[PDB]
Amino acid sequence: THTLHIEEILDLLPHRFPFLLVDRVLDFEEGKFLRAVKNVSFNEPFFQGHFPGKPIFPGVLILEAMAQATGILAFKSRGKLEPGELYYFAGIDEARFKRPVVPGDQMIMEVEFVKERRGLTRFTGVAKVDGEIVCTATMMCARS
């Protein structure tokens, strides 16, 4: 119902190529949840290195893509970043990688706001491919 396409994304997040890893927002409810898509394509620059002969989307970039999806939720819910402010990744708990994500996968990511605590915001994220979980993690993010 509340979808954002890439130009709307570019207006919210400061990330640019080759480190903008949210391709679409499928739905969100402010202060609660956001569901985003990362299309995984062979034609992405990290796959040349990771690895030659055997393309594997880096687990660390799933954590990043989910953190980005929290940022989009945070900005739509609480206000846009002001010029020069940034959205800092502060911590991660319990990241678990279940199986490799590969070219052709459409990675569906769901992030949920948990609480604010200290000047940090805590989110959970779950990433799926073809309805199955490929990654979970709990993420802490802060605006400076």
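Just count from 1 along the sequence shown to find any residue number.
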**Item:** Per the entry, higher mean C-alpha B factor between 17-25 and 124-132
**Value:** 124-132
**Asked** If you average the Cα B factors in the entry, which is higher, 42-50 or 110-118?
**Response** 110-118
**Item:** Residue, from 104, 83, 55, 58, that the PDB entry assigns the highest Cα B-factor
**Value:** 83
**Message:** Where does the C-alpha B-factor of residue 65 rank in its chain, lowest, middle or highest third?
**Reply:** lowest
